[PDB]
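Structure record follows, encoded as structure tokens.
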Amino acid sequence: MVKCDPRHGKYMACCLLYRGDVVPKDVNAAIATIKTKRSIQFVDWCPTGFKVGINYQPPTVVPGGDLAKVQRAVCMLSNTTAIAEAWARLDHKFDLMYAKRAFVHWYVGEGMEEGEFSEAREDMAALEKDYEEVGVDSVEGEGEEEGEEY
Amino acid sequence: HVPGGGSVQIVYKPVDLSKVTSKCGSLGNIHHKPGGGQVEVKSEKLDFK
């Protein structure tokens, strides 16, 4: 439900909120396949990776509603370097529009200083770099292993 | 008189990521700690003196 492809990043973590008619041993097997299923890759420093909750109650029905009746349901919530695609997109869009200072004056008439906008970009620049710092696998072979790129 | 306007300047400015600085705990390490003591010190050979 956010339109970045999750396969670009690796997962820092997943939470899965399961509902209604759920047997825990079916959650076990599933997450044991997913934790070895090779399309789902996790960061090198979260070998645990997961948080469940199992609720007895399913979702309910709605009059004139848009979603239908299920005996069981799942929300997932997930954090992954994949969302950096958006940081890169503000980094793109600001470097288009603010580079020519278009629409700045409406902000400046309304209690901003151009100095805060400048700061908030630099915090964003630091944040995509903070996102790029965490996703990478751990320092290994440095100084000791033969070269791989030629 | 010479008509056709004087001159007007564009609003355009260069861009940079300011060599920005943050915290990193992971960057402060490259090596793992050595292991604990795997060796017995209590054992005795039971010689009758």
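Reconstructed Cβ throughout: ideal geometry from the backbone, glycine too, with neighbour counts over all protein chains shown. Read-outs: derived from the displayed coordinates by stated rules, not from any lab.
Among A:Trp87, A:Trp106, sorting on how many other beta-carbon atoms sit within 10 Å of each Cβ, with the fewest leading, yields A:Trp106, A:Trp87. Once each of the trypsin sites (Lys or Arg not before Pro) sitting in a DSSP loop with at most 16 other beta-carbon atoms within 10 Å is removed, chain A keeps A:102-150 as its longest stretch. Between the helical axis of A:114-135 and the dominant principal axis of chain A, each derived from Cα atoms, what acute angle in degrees is found, rounded to the nearest 10? Compared with the principal axis, the helix lies near 40 degrees. Each part reduced to its alpha carbon centroid, the stretch A:1-45 and the stretch B:29-49 end up 42 Å apart. Among A:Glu116, A:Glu132, A:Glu140, the largest mean-square fluctuation in a Gaussian network model of chain A, built with springs joining Cα atoms closer than 10 Å, belongs to A:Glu140. Under the classification rounded if a/c is under 1.5, otherwise prolate if a/b is larger than b/c and oblate if not, where does the stretch A:20-135 fall, given a ≥ b ≥ c as square roots of the Cα gyration tensor eigenvalues? Note, shape of the stretch A:20-135 comes out oblate.
Please report, in debye to the nearest 20, how large the charge dipole of the stretch A:83-140 is about its Cα centre when each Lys and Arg carries +1 at its beta carbon and each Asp and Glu carries -1 there. Each step should come with its number before you reach the end.
Numbers: 6 positive and 16 negative charges, 101 e Å.
Approximately 480 debye in magnitude.
For chain A, a Gaussian network of Cα nodes joined below 10 Å ranks A:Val61, A:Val74, A:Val134 by mean-square fluctuation, and the top entry is A:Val61.
Under the rule a/c < 1.5 gives rounded, and otherwise a/b versus b/c splits prolate from oblate, where does the stretch A:84-150 land using the Cα gyration tensor? Here the stretch A:84-150 falls in the prolate category.
Based on the convex hull around the alpha carbon atoms, the stretch A:1-82 presents an average projected area of 6.4 nm².
Arrange B:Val20, B:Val41 by Cβ neighbour counts within 10 Å, fewest through most, would you?
Values: B:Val20 16, B:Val41 5.
Sorted ascending by nearby Cβ count, the order is B:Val41, B:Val20.
Ordering A:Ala30, A:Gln71, A:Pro58 by Cα displacement along the dipole of the stretch A:1-82 toward the positive end leaves A:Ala30 in first place; charges were set at the Cβ atoms of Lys, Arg (+1) and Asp, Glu (-1). Each principal axis of the protein assembly as shown carries a Cα extent, and these read 126, 65, 42 Å when sorted largest first.
For chain A, averaging the sequence separation of C-alpha pairs within contact (under 8 Å, six or more residues apart) and dividing by the residue count gives a relative contact order of 32 percent.
Provide A:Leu17, B:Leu46 in ascending order of the number of other Cβ atoms located within 10 Å of each residue's Cβ, fewest first.
B:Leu46, A:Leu17
Pairs exceeding 19 Å between alpha-carbon atoms, taken from A:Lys93/B:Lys13; A:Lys10/A:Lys51; A:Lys129/B:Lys19; A:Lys3/A:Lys51: A:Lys3/A:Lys51. Gaussian network model of chain A, Cα springs within a sub-10 Å range: biggest mean-square fluctuation belongs to which of A:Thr80, A:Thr33, A:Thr48? Taking springs between Cα atoms under 10 Å, the residue moving most is A:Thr33.
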